[PDB]
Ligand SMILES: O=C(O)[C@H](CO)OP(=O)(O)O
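Heads up, the chain below is alone and in the form deposited without this ligand; it's given as structure tokens.
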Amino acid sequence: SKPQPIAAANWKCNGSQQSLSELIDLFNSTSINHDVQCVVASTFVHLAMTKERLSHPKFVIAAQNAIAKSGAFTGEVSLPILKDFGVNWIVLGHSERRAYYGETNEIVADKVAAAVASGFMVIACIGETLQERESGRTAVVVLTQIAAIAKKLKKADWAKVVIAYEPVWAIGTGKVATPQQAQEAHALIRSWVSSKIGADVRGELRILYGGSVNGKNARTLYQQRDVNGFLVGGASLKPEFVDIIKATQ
């Protein structure tokens, strides 16, 4: 079997109050019959909104980022501030952040660890760019990234950790990752877990899909023995999100 699937919504840096309530309404009024964990990753600015309005029992609000300690970080949100705000899930390492906000292996690793010790429930991202894929550096890349996170964790910590495999090489490159290609990649990760940490940890580990997800292709993906759910982008803004939930078969 598989663990408990997670269908996460990465709303990123989008929306308006209206657009969201609207969304959230649909969500709230959706019966999800099975065991799944729904997560909502909204803007800091819309954290209060969602928070006060998400009523469904299967859903969770989640920050899209953070910094370890409160202080003079003009512009930044720390872990404590979030905890307090009553937020216990986070998404760290997200593709757009490595690429554009120079959040390096160690940076991610260091926030991950911190999120964890504050009792956060973290979805950590990893994945290779087109270039690297092309020069068949996937496994160095993928593996390297994961151990970067590991180094910092204790065996008890993994219980808090969700890994999300971002095939950046397909994200905006007119490249279509197939289920086969996803599976081969989640497979690797798990191999690296089973071995480096434990075979116990590995089996309990949920490893989400980061590429482009949408209703049609949700079904086939998750059917893969190593895919434990989704890290949703775009459709997370529309109602297909519900369709993506249900693919959690």
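All residue numbers are counted from 1 along the displayed sequence.
Here the subject shifts to the form deposited with this ligand bound, a form of this protein not shown in this document.
- Between this ligand and the residues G86, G172, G71, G119, the one pair within 4.5 Å by heavy atoms in the bound PDB entry involves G172.
- For the options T30, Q181, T220, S212, the one in contact with this ligand in the bound PDB entry, meaning a heavy atom within 4.5 Å, is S212.
- With the partner left out here, this ligand still marks one of 99-107, 162-170, 78-86, 139-147 in the bound PDB entry; by a 4.5 Å heavy atom cut-off that stretch is 162-170.
- Of the heavy atoms in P239, none are within 4.5 Å of this ligand in the bound PDB entry.
- The closest heavy atom approach of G15 to this ligand in the bound PDB entry falls outside 4.5 Å.
- Of the heavy atoms in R133, none are within 4.5 Å of this ligand in the bound PDB entry.
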